[PDB]
There are 4 protein chains.
Amino acid sequence: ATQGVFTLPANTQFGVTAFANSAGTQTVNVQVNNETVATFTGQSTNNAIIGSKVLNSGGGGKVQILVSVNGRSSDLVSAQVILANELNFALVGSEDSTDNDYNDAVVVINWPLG
Amino acid sequence: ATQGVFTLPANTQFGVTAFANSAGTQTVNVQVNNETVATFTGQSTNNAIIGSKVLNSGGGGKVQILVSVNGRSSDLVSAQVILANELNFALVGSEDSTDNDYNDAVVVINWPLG
Amino acid sequence: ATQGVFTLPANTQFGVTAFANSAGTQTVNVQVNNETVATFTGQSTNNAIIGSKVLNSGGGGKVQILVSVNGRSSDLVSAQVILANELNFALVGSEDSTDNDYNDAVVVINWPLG
Amino acid sequence: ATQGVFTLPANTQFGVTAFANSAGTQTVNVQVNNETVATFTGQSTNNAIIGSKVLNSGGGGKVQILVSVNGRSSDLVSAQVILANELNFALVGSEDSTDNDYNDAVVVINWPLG
Ligand SMILES: OC[C@H]1O[C@H](O[C@@H]2[C@H](O)[C@@H](O)O[C@H](CO)[C@H]2O)[C@@H](O)[C@@H](O)[C@@H]1O
Ligand SMILES: OC[C@H]1O[C@H](O[C@@H]2[C@H](O)[C@@H](O)O[C@H](CO)[C@H]2O)[C@@H](O)[C@@H](O)[C@@H]1O
Ligand SMILES: OC[C@H]1O[C@H](O[C@@H]2[C@H](O)[C@@H](O)O[C@H](CO)[C@H]2O)[C@@H](O)[C@@H](O)[C@@H]1O
Ligand SMILES: OC[C@H]1O[C@H](O)[C@@H](O)[C@@H](O)[C@@H]1O
Ligand SMILES: [Ca+2]
Ligand SMILES: [Ca+2]
Ligand SMILES: [Ca+2]
Ligand SMILES: [Ca+2]
Ligand SMILES: [Ca+2]
Ligand SMILES: [Ca+2]
Ligand SMILES: [Ca+2]
Ligand SMILES: [Ca+2]
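Visitor: Any chance you could explain the overall build of chain A here in plain terms?
Guide: Scanning chain A for helices and strands turns up zero helices and eight strands. Reading the helices (α) and strands (β) of chain A from amino to carboxyl end gives β-β-β-β-β-β-β-β. The C-alpha atoms of chain A give a radius of gyration of 13 Å, which matches the 13 Å a tight globule of 114 residues would have. Counting only C-alpha atoms and orienting by the principal axes, one finds that chain A spans roughly 35 × 30 × 30 Å. When contacts within chain A are restricted to residue pairs at least 6 apart in sequence, long-range pairs at least 24 apart make up 61% of them.

If you want it as structure tokens, here you go:
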């Protein structure tokens, strides 16, 4: 299945936060309605935050996360969870190698804000 | 039901990250086996990160999140989600008032690291 | 927090299924847009299915689950999970006594159908 | 990523339930510790239950779901959710064709029982 794609409510603010856990330098691309709106880059094996931004989901509400290491696409896993019928998390893990820890770049999307 | 309490595997590194979305100044306490090991305080209506740390779950693996505003306990909601049978997220929302957005402090715990 | 309340897309067919794991006879009340549309009743300590129905979410999309045992309200816990940005589960556990297993009646709501 | 594989606690009773939403006849295979312990075969476009059983997770706790239609493997998506630090759901969707509804066979695994 395609992973890392989420439909948000339109024209809504969301937070996006990326964490690194790999020897490889991670590149996280955030696409909103098929246009790049953020790129995060960094390296850590200790969960460093390599980016955190507030973005808007625009008309279509389509948010897509892509992760690459030195231009090679990582394999993604994802899900959305809603708490109290209001608080939303869109969650992405990514795997750059063989150990299947899926934490090499971790991306958390949250909404609503404010 | 009690919320904000999670059993992690023992002696395991995990990340904890807190975001604020409220007029009220948020205090997030992180307890590991009933000892307060991190405290984050801050105010934002725009999802600012008010704390991020790497901790160890210790022998019992018990991680508890408590949130207060001006000394009053916020109401909590929480769940754990596991992706690819390996990547864990323990998620907490909190409500300090009446609107039931549950985002007033948001806490994300992730493991494994590295 | 209020639990057992979910917003579905409008005018959508969904499934609701209840399981029992308790000495007590469970009564599961299902409301769509604040009107009762189903009642499931049954007793099992071995996960028997006590009801399964297909319903429509109507104009408002509001679905609420309440659980009681001999007229006493059970404590509820809930969350919604979305897989592949399409497949929805709304999940309820309930606690009728003191052991905090939250499985006394378990309700699974799924959509889309067909 | 591999999907449909879950680690349960050892020697634990769990429920497995399958629903069908497809023109195609679904075959759901359930393995516990790499041995087939149930096969559900059925057809519905309206969320009928095509199997429900109580099984034991054995020493290894490994539960795997596979879904096929006329011998061809469906694409799987999955996740595990824990409520109240106690109530577990392991969730599977499957896609047998091209519409990406992921509901063609839906499998819900729940524990604890009793
Ligand atoms: O005070 C907690 C509260 O802050 C934010 O809401 C604001 C306050 O209620 C107050 O300043 O009134 C404002 C409207 O005039 C309102 O925006 C929200 O983040 C709310 O969720 C939070 O609980
Ligand atoms: O009574 C509801 C309760 O039922 C099941 O526990 C049982 C009861 O407490 C009573 O029948 O005593 C039995 C032996 O002590 C006990 O198993 C459980 O399903 C429990 O979760 C439920 O709340
Ligand atoms: O065949 C699997 C498919 O079944 C259901 O879609 C139907 C079939 O494509 C076929 O019978 O044509 C029908 C009308 O065109 C169509 O509804 C769906 O459940 C689909 O999700 C599933 O993959
Ligand atoms: O290939 C990079 C590699 O670096 C580290 O060894 C680990 O974090 C692995 O999970 C990661 O995949
Ligand atoms: Ca890895
Ligand atoms: Ca890693
Ligand atoms: Ca609030
Ligand atoms: Ca708020
Ligand atoms: Ca109970
Ligand atoms: Ca019980
Ligand atoms: Ca399909
Ligand atoms: Ca289908």
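There's plenty left to go through after this.
Visitor: What should I look at first to understand the pairing of strand β7 (residues 87–95) of chain C in this one?
Guide: If a strand is regular, its side chains alternate between the two faces of the sheet. All names here are of chain C. Of all nine residues that make up β7, nine are buried, and the element is covered over most of its length. Residues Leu87, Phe89, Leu91, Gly93 and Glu95 line one face of β7 and the alternating positions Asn88, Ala90, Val92 and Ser94 line the opposite face, and both faces are buried. Note that strand β6 (residues 75–83) and β7 share nine bridges and pair antiparallel. Looking across to β7, one finds that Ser78 is bridged to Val92. Here β6 folds back onto β7 in antiparallel fashion, the turn holding three residues, of which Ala84 has a positive phi close to 55°. Sheet topology places β7 next to strand β8 (residues 105–111); five bridges connect them, and they run antiparallel. Among the inter-strand pairings, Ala90 is bridged to a residue of β8, identified as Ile109.

Visitor: Any chance you could explain the coordination of the calcium ion (ligand 5) here in plain terms?
Guide: As a benchmark, a tetrahedral metal site with four donors has ideal angles of 109.5 degrees, while an octahedral site with six donors has ideal angles of 90 or 180 degrees. All names here are of chain A. Taken together, the protein ligands of the calcium ion (ligand 5) are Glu95 (OE), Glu95 (OE), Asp99 (OD), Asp101 (OD), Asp104 (OD) and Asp104 (OD), with distances of 2.4 to 2.6 Å. Spacing between the donor residues of the calcium ion (ligand 5) along the chain follows E-x3-D-x1-D-x2-D. If you look at the calcium ion (ligand 5) and the calcium ion (ligand 6), they sit 3.7 Å from each other and are both ligated by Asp101. With a relative accessible area of 48%, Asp99 lands in the partly exposed category.

Visitor: Is there a simple way to think about the coordination of the calcium ion (ligand 9) in this case?
Guide: All names here are of chain C. Coordination of the calcium ion (ligand 9) by the protein involves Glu95 (OE), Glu95 (OE), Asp99 (OD), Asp101 (OD), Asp104 (OD) and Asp104 (OD), with metal-donor separations of 2.3 to 2.7 Å. Donor residues for the calcium ion (ligand 9), ordered by position in the chain, follow E-x3-D-x1-D-x2-D. The calcium ion (ligand 10) is placed at 3.7 Å from the calcium ion (ligand 9), the two being bridged by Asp101. In this pair, the class of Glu95 matches that of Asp104, namely buried.

Visitor: Please explain the site of ligand 3 as it appears in this structure.
Guide: With respect to spatial proximity, the complete set of residues near ligand 3 consists of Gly114(C), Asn21(D), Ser22(D), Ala23(D), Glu95(D), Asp96(D), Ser97(D), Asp99(D), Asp101(D) and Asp104(D). At the site occupied by ligand 3, the surrounding residues belong to chains C and D. Within the side chain of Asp96(D), an N or O atom sits 2.6 Å from an oxygen atom of ligand 3. Residue composition of the shell around ligand 3, by class: one nonpolar, four polar and five charged.

Visitor: Mind showing me how you'd approach the nonpolar core here?
Guide: Here is a general trend for soluble globular proteins: nonpolar side chains tend to be buried in one another's company. Among the nonpolar cores identified, the biggest contains 47 residues, and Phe89(A) and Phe89(B) are the most heavily contacted of them. Here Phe89(A) is in contact with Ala79(A), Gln80(A), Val81(A), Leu83(A), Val108(A), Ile109(A), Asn110(A), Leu91(B), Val92(B), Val106(B) and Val108(B), once residues within four sequence places are set aside.

Visitor: Help me understand the site of ligand 1 in this model?
Guide: Contacts to ligand 1 come from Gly114(A), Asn21(B), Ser22(B), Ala23(B), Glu95(B), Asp96(B), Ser97(B), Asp99(B), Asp101(B) and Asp104(B). Residues within reach of ligand 1 are spread across chains A and B. At 3.0 Å from an oxygen atom of ligand 1 is found a main-chain nitrogen or oxygen belonging to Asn21(B). A distance of 2.6 Å separates an oxygen atom of ligand 1 from a polar atom in the side chain of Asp99(B). Surface burial for ligand 1 is 46%, taken as the share of its 480 Å² of free accessible area covered by protein chains.

Visitor: What should I look at first to understand the side chain of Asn21(B) in this one?
Guide: Relative to the elements of secondary structure, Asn21(B) occurs in the loop between β2 (13–20) and β3 (26–32). Within the structure, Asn21(B) has its side chain in polar contact with the backbone nitrogen of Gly114(A) (distance 2.9 Å). In this structure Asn21(B) touches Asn110(A), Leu113(A), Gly114(A), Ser44(B), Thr45(B), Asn46(B), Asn47(B), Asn103(B), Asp104(B) and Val106(B), once residues within four positions along its chain are discounted.

Visitor: I'm lost on unusual backbone geometry in this one. Help?
Guide: The bulk of non-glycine residues show a negative phi, and the bulk of peptide bonds are trans. Of note, the bond from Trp111(A) into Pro112(A) is cis; its omega dihedral lies within 30 degrees of zero at -5°. Tracing the chain through its elements places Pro112(A) in the segment after β8 (105–111). The residue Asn70(B) is not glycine, and still its phi comes out positive at about 55°. Relative to the helices and strands, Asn70(B) resides in the loop between β6 (62–69) and β7 (72–73). The backbone of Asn85(B) shows a phi angle near 55°, a positive value even though the residue is not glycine. Relative to the helices and strands, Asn85(B) is located in the loop between β8 (75–83) and β9 (87–95).

Visitor: What is the right way to look at the interface of chain D and chain A in this model?
Guide: Where interface size is quoted, it is often the accessible area lost as the parts come together. The interface of chain D with chain A comprises five residues on the first partner and five residues on the second. Applying the counting rule to chain D against chain A returns zero salt bridges. There are two residue pairs in polar contact connecting chain D and chain A. Per-class residue counts for the side of chain D that touches chain A are three nonpolar, one polar and one charged.

Visitor: Just to check I follow, could you spell out the relation of the copies chain D and chain A for this structure?
Guide: These two copies of the chain differ by a rotation about an axis and a displacement along the same axis. With an axial shift of 0.1 Å and an RMSD of 0.2 Å, the rotation relating chain D to chain A amounts to 180°. Here the transformation between the copies is reduced to the relation of a two-fold axis. Judged by C-alpha distance, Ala79(D) is the residue of chain D that lies nearest the rotation axis, at 3.8 Å. A high fraction, 100%, of the interface residues of chain D reappear at the interface in chain A, so the copies pair face to face through one surface.

Visitor: Where do I start with the environment of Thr2(D) in this structure?
Guide: All names here are of chain D. Inspection of the secondary structure puts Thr2 in the segment before β1 (5–7). Judged by its relative accessible area of 58%, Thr2 falls in the exposed class. Separated by 76 residues in sequence, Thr2 and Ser78 have C-alpha atoms that sit 9.1 Å apart.

Conventions used here
Residues numbered from 1 in each chain as written, not as in the entry; some residues may be left out. Chains lettered and ligands numbered in written order. Heavy atoms only, no water. Residues with missing side-chain atoms left out of burial classes, pairs and counts. Helix = DSSP H or I, 4+ residues; strand = E, 2+ residues; numbered from the N terminus. Rg over C-alpha atoms; globule rule 2.2 N^0.38 Å. Contact = heavy atoms within 4.5 Å. Buried < 20%, exposed > 50% of the residue type's maximum accessible area, 1.4 Å probe, protein only. Pairing = 2+ DSSP bridges. Donors = N, O, S within 2.8 Å, 3.2 Å for Na, K, Ca; no water. Near = heavy atom within 4 Å. Polar contact = N/O pair within 3.5 Å; in protein donor to acceptor, adjacent residues only side chain to side chain. Nonpolar A, V, L, I, M, F, W, Y, C, P; charged D, E, K, R; others polar. Core = buried A, V, L, I, M, F, W, Y, C linked by side-chain atoms within 4.5 Å. Areas by Shrake-Rupley, 256 points an atom, 1.4 Å probe, with all protein chains shown as cover. Salt bridge = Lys/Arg side-chain N within 4 Å of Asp/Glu carboxyl O. Least-squares fit on C-alpha atoms.

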